[PDB]
Amino acid sequence: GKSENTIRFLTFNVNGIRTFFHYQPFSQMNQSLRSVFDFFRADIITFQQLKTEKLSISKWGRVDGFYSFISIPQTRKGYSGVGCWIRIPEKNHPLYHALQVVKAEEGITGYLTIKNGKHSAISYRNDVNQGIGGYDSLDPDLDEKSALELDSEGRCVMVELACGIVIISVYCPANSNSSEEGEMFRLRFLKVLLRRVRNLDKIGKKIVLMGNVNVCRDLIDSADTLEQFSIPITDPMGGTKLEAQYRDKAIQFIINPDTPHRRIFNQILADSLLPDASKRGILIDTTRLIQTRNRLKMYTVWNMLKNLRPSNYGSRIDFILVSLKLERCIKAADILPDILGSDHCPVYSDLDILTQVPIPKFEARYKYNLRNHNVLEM
Amino acid sequence: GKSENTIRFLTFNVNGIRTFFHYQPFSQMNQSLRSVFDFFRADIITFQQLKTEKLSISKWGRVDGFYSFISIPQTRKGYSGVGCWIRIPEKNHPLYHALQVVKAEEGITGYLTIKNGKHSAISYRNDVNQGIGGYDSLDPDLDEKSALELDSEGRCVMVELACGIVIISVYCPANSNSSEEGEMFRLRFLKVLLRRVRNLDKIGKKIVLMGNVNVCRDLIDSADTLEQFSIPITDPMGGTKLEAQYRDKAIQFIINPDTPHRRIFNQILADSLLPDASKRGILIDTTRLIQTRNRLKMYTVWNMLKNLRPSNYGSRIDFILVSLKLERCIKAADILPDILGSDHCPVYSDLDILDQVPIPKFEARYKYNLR
DNA sequence: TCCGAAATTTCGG
DNA sequence: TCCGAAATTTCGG
Ligand SMILES: [Ca+2]
């Protein structure tokens, strides 16, 4: 179970929020996200790949006892989409002032807009009281046209708490078709994201970056590559010995020039296998911290398989990454591969952290005007 | 060489039956389908994508010694079109009573009509002595309008023999423009067709499904996808080694939710790569059975505009599928990539059957009113 | 006579 | 990467 006064972060690539509610035990919960969140005993939850539409936000955006922040594509339906939910504790709770949401933002670039008046619209970069900040040079040749296109697929939601913690929930592109246009989009997204994180860290923000990064960081987290190199997994807790016996191949997995995204992602992890990780990384893999590097077969995705978790198959591309200043707060971190309903499994981590501000305009009830989703609309 | 009890099935996406007669050796046959069928020594033949018109049926629908069953669009000329031809054996032949055509049908839904009199027509679903059967719930919400729309492009011809064999000749939609409405039409056509196959199989018919399915079943039948995954082909007979090293991509190819037509086609294949194919599928890929899964680059279509036929870079979308009840009959099966005349190549399979009547009204002489 | 539940087969990933 | 969810077939008062 979870401790009494810790915040449980939960990430889950549901691969269709409507479809995941068709599996036990969630099929018994009448499509109630509140029942799901109480089932996992979670307080800050992010769901990636919602595959939803604006009409359905009247259901996923109103959760009793929670704040809802949801980002979907502007026009394309049933594609991508990220949601983040912050539990509202009671006034007599010690984490009441900590879990106060002071800001909320959509995207990584800051060029996305929020309703400002009748026909007016202002982006997050121009409003310092609503934008979280850290937009200082995310890319060398980044104009508004490319930044809006980079944020056009509903892949990021940002939430800032009163205790100075910025939660960044991402569903990074995967480039599943192996195209040149898709690979450049993937690399540009990752570089802008990690740069945005580095900017917020210099300002002094405690950063929790979690979600589906679609990047494998170490060789031991790739069932396909371990079979390609004929490396047998005999000891389920023999990860350190495997990385010592195959030190050369473990490093080649990261710095492989055919896969620069693996190198870019490792360059921000302080606990990376690269020797100079502690001199350049600022984020810590919470799951690898608690489970250690000995645990093998610690996979969070089994592509296209929602009903079974086969052996010798799968990867780990779902993470909960925290700033160095939050390493001393990690009390628990694991995965839940027995949960069915998606080709991904949930990942959770418990952190011990221990005037009024209006609700941010990006809250789902305001961003999507849920008070008007009535009969003619539905 | 073939025995006396051997039946040669042949399928060919001619892509314009008039244009296919321009190439060797068919240009010296004076546009005689009888000469073409004798050239292949074939007994049951289906040509897809005829691109003909009602005026020209008087030639393609009157083949000496053959029954002719041709389906074309109602109004659109030079588009789609399917034809099936059954050889009429002599009375001194052991397969004379087996090759008797007892029924014939147009389309997959049965909602199409047939001539009955003067200003009065009846569909195949209402007449039991003309319809083949198996119409029981082919789709959840299928009305008369959407079904006739599904059978409006002349893409299917069904023929039932006296020995219980039902030959289904199809030219399934391809969705070339890659539109949302076209993908739904393709998916609904493929679902209704395969459901009609399972219904006729439960009734007890020995089904032979052949034609242009426009769907790749396995990764090894797609030069495009093999190059996308950066899978080189060195040994032309190393299909088992390729599928073993790339087992993940081979299975993800079948169950990929982004390409559901590949999943739907696989569920009816008894020889599908999935673990439950033996209990779940009812059809056998004759070409894959005889050529085995080792033969790579067994393509039946190539992009002519990109000149990919010389290098044998293409796909296999043309099949001859048979019921499990006909499994022990398959004596030979191969593709014929050396035959010119189209951007596809023919496919054949030999079945040993080893086992008068009024001609159906859908025959070409009755359906299109021939003198 | 509608109703539903167990048993069974088929489906999608 | 076989497995749970969906559909259907069966059974009976
Ligand atoms: Ca709780």
# chains A, B, ... in the order shown; residues from 1 in each chain; ligands from 1
>>> residues_near_ligand(ligand="ligand 1", cutoff="7 Å", atoms="only C-alpha atoms (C1' of nucleotides) and all ligand atoms", output="ChimeraX atom specification")
/A:38,41-43
>>> write_last_selection(atoms="C-alpha atoms", output="PDB file, in the first residue's frame")
ATOM      1  CA  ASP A  38      -9.152   5.414  -5.853  1.00  0.00           C
ATOM      2  CA  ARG A  41      -4.777   5.103  -4.535  1.00  0.00           C
ATOM      3  CA  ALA A  42      -3.215   7.766  -6.753  1.00  0.00           C
ATOM      4  CA  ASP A  43      -3.207  11.548  -6.324  1.00  0.00           C
TER       5      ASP A  43
END
>>> residues_around(residues="residue 57 of chain B", least_positions_apart="3", cutoff="9 Å", atoms="only C-alpha atoms (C1' of nucleotides)", output="CSV table (one decimal) with C-alpha atoms, in the first residue's frame")
chain,number,residue,atom,x,y,z
B,52,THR,CA,-15.4,-3.7,-70.1
B,53,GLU,CA,-18.9,-2.7,-70.9
B,54,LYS,CA,-22.3,-4.3,-71.5
B,60,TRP,CA,-16.5,-12.4,-73.3
B,61,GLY,CA,-19.8,-14.0,-72.2
B,62,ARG,CA,-20.0,-16.5,-75.1
B,70,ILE,CA,-19.8,-12.1,-65.6
B,364,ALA,CA,-24.2,-14.6,-69.5
B,368,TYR,CA,-27.2,-10.0,-70.6
B,370,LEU,CA,-27.7,-12.8,-75.9
>>> interface_residues(of="chain D", to="chain B", cutoff="12 Å", atoms="only C-alpha atoms (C1' of nucleotides)", output="compact mmCIF listing (two decimals) with N, CA, C and O atoms (P, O5', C5', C4', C3', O3' and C1' of nucleotides), in the first residue's frame")
# COMPACT_ATOMS: atom_id res chain seq x y z
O5' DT D 1 0.24 -13.25 -29.07
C5' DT D 1 0.37 -14.56 -29.62
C4' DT D 1 1.81 -15.04 -29.55
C3' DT D 1 2.45 -15.00 -28.15
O3' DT D 1 3.28 -16.14 -27.97
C1' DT D 1 3.75 -13.75 -29.64
P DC D 2 2.79 -17.36 -27.06
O5' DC D 2 1.41 -17.82 -27.74
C5' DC D 2 0.38 -18.44 -26.96
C4' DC D 2 -0.52 -17.39 -26.33
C3' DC D 2 -1.67 -17.94 -25.48
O3' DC D 2 -1.67 -17.30 -24.21
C1' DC D 2 -2.46 -16.33 -27.03
P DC D 3 -2.31 -18.03 -22.93
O5' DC D 3 -3.30 -16.94 -22.34
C5' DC D 3 -2.89 -15.59 -22.25
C4' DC D 3 -4.06 -14.66 -22.48
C3' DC D 3 -5.38 -15.12 -21.83
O3' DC D 3 -5.66 -14.32 -20.71
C1' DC D 3 -5.68 -14.20 -24.04
P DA D 7 -20.08 -6.85 -29.39
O5' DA D 7 -20.58 -8.24 -30.00
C5' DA D 7 -19.80 -8.89 -30.99
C4' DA D 7 -20.29 -10.30 -31.22
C3' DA D 7 -21.80 -10.45 -31.40
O3' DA D 7 -22.07 -11.11 -32.63
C1' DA D 7 -20.98 -12.03 -29.82
P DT D 8 -23.57 -11.47 -33.07
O5' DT D 8 -23.73 -12.99 -32.60
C5' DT D 8 -22.68 -13.91 -32.85
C4' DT D 8 -23.02 -15.28 -32.29
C3' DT D 8 -24.48 -15.71 -32.43
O3' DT D 8 -24.53 -17.07 -32.78
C1' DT D 8 -23.83 -15.88 -30.19
>>> interface_residues(of="chain B", to="chain A", cutoff="10 Å", atoms="only C-alpha atoms", output="PyMOL selection string")
chain B and resi 225+228-230+245-246+248+251-252+255-257
>>> write_last_selection(atoms="N, CA, C and O atoms", output="mmCIF file, in the first residue's frame")
data_model
loop_
_atom_site.group_PDB
_atom_site.id
_atom_site.type_symbol
_atom_site.label_atom_id
_atom_site.label_comp_id
_atom_site.auth_asym_id
_atom_site.auth_seq_id
_atom_site.Cartn_x
_atom_site.Cartn_y
_atom_site.Cartn_z
ATOM 1 N N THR B 225 6.855 -3.260 -47.120
ATOM 2 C CA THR B 225 6.977 -3.294 -45.667
ATOM 3 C C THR B 225 8.297 -3.918 -45.226
ATOM 4 O O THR B 225 8.853 -3.522 -44.194
ATOM 5 N N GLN B 228 10.696 -1.134 -45.348
ATOM 6 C CA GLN B 228 10.438 -0.174 -44.280
ATOM 7 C C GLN B 228 11.073 -0.624 -42.971
ATOM 8 O O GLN B 228 11.682 0.181 -42.257
ATOM 9 N N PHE B 229 10.948 -1.910 -42.643
ATOM 10 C CA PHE B 229 11.571 -2.477 -41.455
ATOM 11 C C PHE B 229 13.048 -2.787 -41.656
ATOM 12 O O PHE B 229 13.677 -3.330 -40.741
ATOM 13 N N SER B 230 13.608 -2.464 -42.825
ATOM 14 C CA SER B 230 15.020 -2.705 -43.127
ATOM 15 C C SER B 230 15.367 -4.187 -42.990
ATOM 16 O O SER B 230 16.347 -4.566 -42.345
ATOM 17 N N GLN B 245 13.734 -14.791 -37.128
ATOM 18 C CA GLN B 245 14.506 -13.661 -36.623
ATOM 19 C C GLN B 245 13.635 -12.431 -36.407
ATOM 20 O O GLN B 245 13.869 -11.665 -35.465
ATOM 21 N N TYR B 246 12.632 -12.226 -37.256
ATOM 22 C CA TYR B 246 11.725 -11.089 -37.156
ATOM 23 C C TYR B 246 10.315 -11.542 -36.787
ATOM 24 O O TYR B 246 9.324 -11.090 -37.367
ATOM 25 N N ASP B 248 8.607 -10.818 -34.213
ATOM 26 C CA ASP B 248 7.805 -9.714 -33.695
ATOM 27 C C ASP B 248 7.128 -8.950 -34.827
ATOM 28 O O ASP B 248 5.910 -8.733 -34.804
ATOM 29 N N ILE B 251 4.267 -10.978 -36.526
ATOM 30 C CA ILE B 251 2.998 -11.052 -35.813
ATOM 31 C C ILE B 251 2.352 -9.676 -35.727
ATOM 32 O O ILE B 251 1.144 -9.535 -35.947
ATOM 33 N N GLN B 252 3.139 -8.642 -35.413
ATOM 34 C CA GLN B 252 2.598 -7.284 -35.397
ATOM 35 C C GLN B 252 2.028 -6.894 -36.754
ATOM 36 O O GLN B 252 1.131 -6.046 -36.832
ATOM 37 N N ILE B 255 -1.768 -8.386 -36.594
ATOM 38 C CA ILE B 255 -2.718 -7.885 -35.609
ATOM 39 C C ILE B 255 -2.704 -6.362 -35.514
ATOM 40 O O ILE B 255 -3.378 -5.799 -34.647
ATOM 41 N N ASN B 256 -1.966 -5.684 -36.387
ATOM 42 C CA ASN B 256 -1.847 -4.231 -36.338
ATOM 43 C C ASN B 256 -3.220 -3.571 -36.423
ATOM 44 O O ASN B 256 -3.898 -3.700 -37.455
ATOM 45 N N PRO B 257 -3.662 -2.851 -35.387
ATOM 46 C CA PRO B 257 -4.981 -2.202 -35.457
ATOM 47 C C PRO B 257 -5.059 -1.080 -36.479
ATOM 48 O O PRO B 257 -6.171 -0.695 -36.857
#
>>> closest_atom_pairs(of="chain A", to="chain C", cutoff="12 Å", atoms="only C-alpha atoms (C1' of nucleotides)", output="JSON lines")
{"residue": "A:15", "atom": "CA", "partner": "C:13", "partner_atom": "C1'", "distance": 11.3}
{"residue": "A:19", "atom": "CA", "partner": "C:12", "partner_atom": "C1'", "distance": 11.7}
{"residue": "A:302", "atom": "CA", "partner": "C:13", "partner_atom": "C1'", "distance": 10.6}
{"residue": "A:303", "atom": "CA", "partner": "C:13", "partner_atom": "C1'", "distance": 8.9}
{"residue": "A:304", "atom": "CA", "partner": "C:13", "partner_atom": "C1'", "distance": 5.2}
{"residue": "A:305", "atom": "CA", "partner": "C:13", "partner_atom": "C1'", "distance": 5.3}
{"residue": "A:306", "atom": "CA", "partner": "C:13", "partner_atom": "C1'", "distance": 6.4}
{"residue": "A:307", "atom": "CA", "partner": "C:13", "partner_atom": "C1'", "distance": 8.1}
{"residue": "A:308", "atom": "CA", "partner": "C:13", "partner_atom": "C1'", "distance": 10.1}
{"residue": "A:341", "atom": "CA", "partner": "C:13", "partner_atom": "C1'", "distance": 10.5}
{"residue": "A:342", "atom": "CA", "partner": "C:13", "partner_atom": "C1'", "distance": 9.3}
{"residue": "A:343", "atom": "CA", "partner": "C:13", "partner_atom": "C1'", "distance": 8.6}
>>> write_last_selection(atoms="N, CA, C and O atoms", output="short mmCIF file (atom, residue, chain, number, x, y, z; two decimals), in the first residue's frame")
data_model
loop_
_atom_site.label_atom_id
_atom_site.label_comp_id
_atom_site.auth_asym_id
_atom_site.auth_seq_id
_atom_site.Cartn_x
_atom_site.Cartn_y
_atom_site.Cartn_z
N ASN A 15 -4.02 3.85 -24.20
CA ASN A 15 -4.27 3.50 -25.60
C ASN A 15 -5.77 3.45 -25.88
O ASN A 15 -6.33 2.42 -26.25
N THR A 19 -11.66 2.46 -24.42
CA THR A 19 -11.47 1.03 -24.60
C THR A 19 -10.94 0.37 -23.34
O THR A 19 -11.30 -0.78 -23.03
N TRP A 302 3.97 -3.84 -24.30
CA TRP A 302 3.99 -5.06 -25.11
C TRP A 302 3.15 -4.73 -26.34
O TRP A 302 1.94 -4.92 -26.34
N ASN A 303 3.83 -4.24 -27.39
CA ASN A 303 3.16 -3.56 -28.49
C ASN A 303 2.02 -4.39 -29.07
O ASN A 303 2.20 -5.56 -29.42
N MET A 304 0.84 -3.77 -29.14
CA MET A 304 -0.39 -4.29 -29.74
C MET A 304 -1.06 -5.38 -28.92
O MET A 304 -2.08 -5.92 -29.36
N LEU A 305 -0.55 -5.73 -27.74
CA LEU A 305 -1.10 -6.81 -26.92
C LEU A 305 -1.69 -6.21 -25.65
O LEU A 305 -0.95 -5.72 -24.79
N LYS A 306 -3.01 -6.26 -25.53
CA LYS A 306 -3.70 -5.71 -24.37
C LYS A 306 -4.12 -6.77 -23.36
O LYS A 306 -4.40 -6.41 -22.21
N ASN A 307 -4.18 -8.04 -23.75
CA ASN A 307 -4.75 -9.09 -22.92
C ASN A 307 -3.71 -10.04 -22.33
O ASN A 307 -4.08 -10.94 -21.57
N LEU A 308 -2.43 -9.87 -22.66
CA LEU A 308 -1.40 -10.77 -22.16
C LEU A 308 -0.07 -10.04 -22.16
O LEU A 308 0.13 -9.06 -22.88
N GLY A 341 -5.87 -4.12 -20.26
CA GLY A 341 -6.67 -3.07 -20.86
C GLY A 341 -5.91 -2.18 -21.83
O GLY A 341 -6.51 -1.29 -22.44
N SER A 342 -4.61 -2.40 -22.00
CA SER A 342 -3.77 -1.59 -22.88
C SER A 342 -2.50 -2.38 -23.15
O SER A 342 -2.16 -3.31 -22.42
N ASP A 343 -1.81 -2.00 -24.23
CA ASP A 343 -0.51 -2.60 -24.47
C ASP A 343 0.57 -2.02 -23.57
O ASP A 343 1.71 -2.52 -23.58
#
>>> residues_around(residues="segment 104-112 of chain B", least_positions_apart="6", cutoff="7 Å", atoms="only C-alpha atoms (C1' of nucleotides)", output="list in words")
residues 71, 123, 124, 125, 131, 135, 144, 147, 148, 151, 155, 156, 157, 158, 159, 160, 193, 360 and 362 of chain B
>>> write_last_selection(atoms="C-alpha atoms", output="short mmCIF file (atom, residue, chain, number, x, y, z; two decimals), in the first residue's frame")
data_model
loop_
_atom_site.label_atom_id
_atom_site.label_comp_id
_atom_site.auth_asym_id
_atom_site.auth_seq_id
_atom_site.Cartn_x
_atom_site.Cartn_y
_atom_site.Cartn_z
CA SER B 71 -20.59 -9.24 -63.18
CA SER B 123 -33.38 -11.10 -55.45
CA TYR B 124 -31.26 -14.13 -54.56
CA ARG B 125 -32.26 -13.93 -50.88
CA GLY B 131 -29.72 -18.24 -54.33
CA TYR B 135 -27.39 -14.72 -45.93
CA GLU B 144 -31.18 -2.86 -48.61
CA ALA B 147 -26.07 -3.67 -49.43
CA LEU B 148 -26.90 -2.81 -53.05
CA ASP B 151 -22.70 -4.82 -54.65
CA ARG B 155 -16.79 -7.32 -57.60
CA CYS B 156 -18.05 -10.86 -56.95
CA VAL B 157 -19.36 -13.91 -58.81
CA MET B 158 -20.49 -17.12 -57.08
CA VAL B 159 -20.91 -20.50 -58.79
CA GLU B 160 -22.10 -23.72 -57.12
CA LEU B 193 -17.55 -11.52 -47.84
CA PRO B 360 -28.87 -20.69 -63.84
CA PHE B 362 -27.20 -15.45 -64.06
#
>>> decode(residues="segment 331-356 of chain A", atoms="N, CA, C and O atoms", output="CSV table (one decimal), in the first residue's frame")
chain,number,residue,atom,x,y,z
A,331,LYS,N,9.8,7.4,-1.9
A,331,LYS,CA,9.6,6.3,-1.0
A,331,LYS,C,9.2,5.0,-1.6
A,331,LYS,O,9.4,3.9,-1.0
A,332,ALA,N,8.7,5.0,-2.8
A,332,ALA,CA,8.3,3.8,-3.5
A,332,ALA,C,8.2,4.1,-5.0
A,332,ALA,O,7.8,5.2,-5.4
A,333,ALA,N,8.5,3.0,-5.8
A,333,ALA,CA,8.4,3.2,-7.3
A,333,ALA,C,8.4,1.8,-7.9
A,333,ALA,O,9.4,1.1,-7.8
A,334,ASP,N,7.4,1.4,-8.6
A,334,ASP,CA,7.3,0.1,-9.3
A,334,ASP,C,6.4,0.2,-10.5
A,334,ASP,O,5.9,1.3,-10.9
A,335,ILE,N,6.2,-0.9,-11.1
A,335,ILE,CA,5.3,-1.0,-12.3
A,335,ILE,C,4.2,-2.1,-11.9
A,335,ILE,O,4.4,-2.9,-11.0
A,336,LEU,N,3.2,-2.1,-12.7
A,336,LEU,CA,2.0,-3.0,-12.5
A,336,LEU,C,1.7,-3.7,-13.8
A,336,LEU,O,0.7,-3.4,-14.5
A,337,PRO,N,2.6,-4.7,-14.3
A,337,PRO,CA,2.3,-5.3,-15.5
A,337,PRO,C,1.1,-6.2,-15.5
A,337,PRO,O,0.6,-6.6,-16.6
A,338,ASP,N,0.6,-6.6,-14.4
A,338,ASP,CA,-0.6,-7.5,-14.3
A,338,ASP,C,-1.9,-6.8,-14.7
A,338,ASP,O,-2.9,-7.4,-15.0
A,339,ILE,N,-1.9,-5.4,-14.8
A,339,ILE,CA,-3.0,-4.7,-15.2
A,339,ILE,C,-3.2,-4.8,-16.7
A,339,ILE,O,-2.3,-4.6,-17.5
A,340,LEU,N,-4.4,-5.2,-17.1
A,340,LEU,CA,-4.8,-5.3,-18.5
A,340,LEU,C,-5.7,-4.2,-19.0
A,340,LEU,O,-6.2,-3.4,-18.1
A,341,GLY,N,-5.9,-4.1,-20.3
A,341,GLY,CA,-6.7,-3.1,-20.9
A,341,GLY,C,-5.9,-2.2,-21.8
A,341,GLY,O,-6.5,-1.3,-22.4
A,342,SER,N,-4.6,-2.4,-22.0
A,342,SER,CA,-3.8,-1.6,-22.9
A,342,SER,C,-2.5,-2.4,-23.2
A,342,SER,O,-2.2,-3.3,-22.4
A,343,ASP,N,-1.8,-2.0,-24.2
A,343,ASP,CA,-0.5,-2.6,-24.5
A,343,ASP,C,0.6,-2.0,-23.6
A,343,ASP,O,1.7,-2.5,-23.6
A,344,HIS,N,0.2,-1.0,-22.8
A,344,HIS,CA,1.1,-0.5,-21.7
A,344,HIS,C,0.5,-0.8,-20.4
A,344,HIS,O,-0.7,-1.1,-20.2
A,345,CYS,N,1.4,-0.7,-19.3
A,345,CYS,CA,1.0,-1.0,-18.0
A,345,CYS,C,1.2,0.3,-17.1
A,345,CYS,O,2.1,1.1,-17.5
A,346,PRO,N,0.5,0.4,-16.0
A,346,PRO,CA,0.7,1.6,-15.2
A,346,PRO,C,2.1,1.6,-14.5
A,346,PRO,O,2.6,0.6,-14.2
A,347,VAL,N,2.6,2.8,-14.2
A,347,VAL,CA,3.8,3.0,-13.5
A,347,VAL,C,3.5,4.0,-12.4
A,347,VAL,O,2.9,5.1,-12.6
A,348,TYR,N,3.9,3.7,-11.1
A,348,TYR,CA,3.6,4.6,-10.0
A,348,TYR,C,4.8,4.9,-9.2
A,348,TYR,O,5.8,4.0,-9.1
A,349,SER,N,4.9,6.0,-8.5
A,349,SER,CA,5.9,6.4,-7.6
A,349,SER,C,5.4,7.3,-6.5
A,349,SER,O,4.6,8.2,-6.8
A,350,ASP,N,5.7,7.0,-5.3
A,350,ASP,CA,5.3,7.7,-4.1
A,350,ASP,C,6.3,8.7,-3.6
A,350,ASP,O,7.5,8.2,-3.4
A,351,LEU,N,6.0,10.0,-3.4
A,351,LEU,CA,6.9,11.0,-3.0
A,351,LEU,C,6.4,11.6,-1.7
A,351,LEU,O,5.2,11.9,-1.5
A,352,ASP,N,7.3,11.7,-0.7
A,352,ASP,CA,7.0,12.4,0.6
A,352,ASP,C,7.6,13.8,0.5
A,352,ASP,O,8.8,14.0,0.6
A,353,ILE,N,6.7,14.8,0.4
A,353,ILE,CA,7.0,16.2,0.3
A,353,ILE,C,7.2,16.8,1.7
A,353,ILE,O,8.1,17.5,2.0
A,354,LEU,N,6.2,16.5,2.6
A,354,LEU,CA,6.2,17.0,3.9
A,354,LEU,C,7.4,16.5,4.7
A,354,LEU,O,8.2,17.2,5.3
A,355,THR,N,-2.1,32.9,0.4
A,355,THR,CA,-3.4,33.3,-0.2
A,355,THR,C,-3.9,32.3,-1.1
A,355,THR,O,-3.2,31.3,-1.5
A,356,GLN,N,-5.2,32.5,-1.6
A,356,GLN,CA,-5.8,31.6,-2.5
A,356,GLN,C,-5.6,32.1,-4.0
A,356,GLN,O,-5.5,33.3,-4.2
